[PDB]
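A single chain, nothing else alongside it, follows as structure tokens in the form deposited in one PDB entry.
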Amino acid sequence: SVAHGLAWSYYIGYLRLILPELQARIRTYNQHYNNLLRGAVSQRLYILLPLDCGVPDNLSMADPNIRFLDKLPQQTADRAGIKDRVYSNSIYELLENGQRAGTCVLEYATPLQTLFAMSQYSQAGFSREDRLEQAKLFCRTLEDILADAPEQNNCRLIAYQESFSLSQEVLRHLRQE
């Protein structure tokens, strides 16, 4: 299925490559680049999974209580003929009552953008019903993979359907640690 390929590619070409190196990048940030006076960046990669596949490129567009703070040091690797391909991730603060309530590495699962665009291009032969069905199946397959992935406590999938506060959704997952 469409979702089966996208979930395996998200693992093979991304999570399995960056998750083993993420803990070290966060520590390096927390000790060398973070503000001396502010809270540490939390430890896991938080992955947003809107089942409606609405993926703005700016998180502050989805919720103004999610605001960009800084970048981790980037990770590079030679990949499929590209020397020093760059993997970069962004740190966000999460506001509650106008005060910072959390700091974490946060991003949307980019394959949901593919599902959305496929539902929009007639040549893809892919309906909005297909989109919802495959979005769900993508999340479930990714869950399946990560349950047995040796690359373990390194990320958190935040699946949701849409008075909805995305920042409150992330905070609920954050505060479970």
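Residue numbers run from 1 along the displayed sequence.
FYI, the form deposited with a small molecule bound isn't displayed, but the following is about it.
Chemist: Does at least one non-hydrogen atom of residue 121 fall within 4.5 angstroms of the small molecule in the bound PDB entry?
Modeler: Answer no; every heavy atom of residue 121 is more than 4.5 Å from the small molecule in the bound PDB entry.
Chemist: So in the bound PDB entry, does residue 128 come within 4.5 Å of the small molecule, heavy atom to heavy atom?
Modeler: Residue-level check for residue 128: no, no contact with the small molecule.
Chemist: Give a yes or no for residue 140: in the bound PDB entry, does one of its heavy atoms lie within 4.5 Å of a heavy atom belonging to the small molecule?
Modeler: Because no heavy atom of residue 140 falls inside 4.5 Å of the small molecule in the bound PDB entry, the answer is no.
Chemist: Can residue 38 be called a contact residue for the small molecule in the bound PDB entry at 4.5 Å between heavy atoms?
Modeler: Close contact is absent here: in the bound PDB entry, residue 38 is far from the small molecule, nothing within 4.5 Å, heavy atoms only.
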